[PDB]
Amino acid sequence: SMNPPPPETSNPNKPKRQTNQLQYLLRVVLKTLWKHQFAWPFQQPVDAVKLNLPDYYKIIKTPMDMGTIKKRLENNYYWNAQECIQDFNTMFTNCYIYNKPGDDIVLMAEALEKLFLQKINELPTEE
Ligand SMILES: Cc1[nH]c(-c2cc(N)ccc2Cl)c2c1C(=O)CC=CC2
């Protein structure tokens, strides 16, 4: 029923790069999803204590959220864009795994994911 420590957003021994694809993931994908009307449940880790969801982290073992993604992009945490894409996809998957189908929270995840796929469809060419 307690909250776990959040996902790591800084690892100085982890090699990093500043690429046009990673810049796109911040300037376009993260910003588009962040300003969305349905973004707010995904802007920070699930607070299982205040939400009284004691089984959330019993079930969700790779928690992920756009607050964590944002910090990772700002801290230049990633080596490539696929890592960051995987974080987004894990956050959507967590929501679909934990919640019942037809829940409003699932509809919010779906709306954000639709936009996500639209932006990733036009990921720029490297270099
Ligand atoms: C992704 C998510 N965000 C949130 C959420 C997270 C914070 N921190 C605040 C308010 C909400 Cl709705 C939830 C969820 C769930 O999946 C579980 C159902 C409701 C809680």
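Both ligands and their constituent atoms are indexed starting at 1 by order of listing. Basis for what follows: all heavy atoms, side chains included, without hydrogens, waters or symmetry-related copies. Note that the numbering runs from 1 along the sequence shown for the chain.
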(message) For atom 19 (C) of ligand 1, what is the closest protein heavy atom, and at what distance to 0.1 Å?
(response) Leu53 CD1, 4.2 Å
(request) Please say whether more than 12 non-hydrogen atoms of neighbouring residues, nucleotides or ligands are located less than 6.0 Å from NZ in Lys61. (result) yes
(request) Spell out, as yes or no, whether a donor-acceptor pair under 3.5 Å connects the side chain of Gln18 to the backbone of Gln23. (result) no
(request) Would you indicate which of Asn99, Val106, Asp65, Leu51 comes nearest to atom 17 (C) of ligand 1 when only heavy atoms are counted? (result) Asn99
(message) If the cut-off is 4.0 Å to any non-hydrogen atom of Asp47, which atoms of ligand 1 fall inside it?
(response) 8 (N)
(message) Just to confirm my output: which protein heavy-atom neighbour is closest to atom 3 (N) of ligand 1, and how far is it?
(response) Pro41 O, 2.8 Å
(message) Just to confirm my output: which protein heavy-atom neighbour is closest to atom 1 (C) of ligand 1, and how far is it?
(response) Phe42 CE2, 3.5 Å
(request) Would you confirm whether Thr68, through its side chain, and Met64, through its main-chain N or O, come within 3.5 Å as a donor-acceptor pair? (result) no
(request) Provide, to 0.1 Å, the distance between atom 7 (C) of ligand 1 and the closest protein heavy atom, together with that atom's residue and name. (result) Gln44 NE2, 3.5 Å
(request) Please report which non-hydrogen protein atom sits nearest to atom 2 (C) of ligand 1, along with the residue it belongs to and the distance in Å to one decimal place. (result) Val46 CG2, 3.6 Å
(request) Could you list the atoms of ligand 1 found under 4.0 angstrom from a heavy atom of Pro45? (result) 8 (N)
(request) Please identify each residue that fulfils salt bridge (charged side-chain N to carboxylate O under 4.0 Å, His left out) with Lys14, with sequence neighbours left out. (result) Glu83
(request) Taking atom types as modelled, find out whether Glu110 and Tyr96 have a side-chain donor-acceptor pair closer than 3.5 angstrom. (result) no
(message) Given 3.5 Å as the limit, does a donor-acceptor pair link the side chain of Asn75 with the main chain of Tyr77, or not?
(response) no
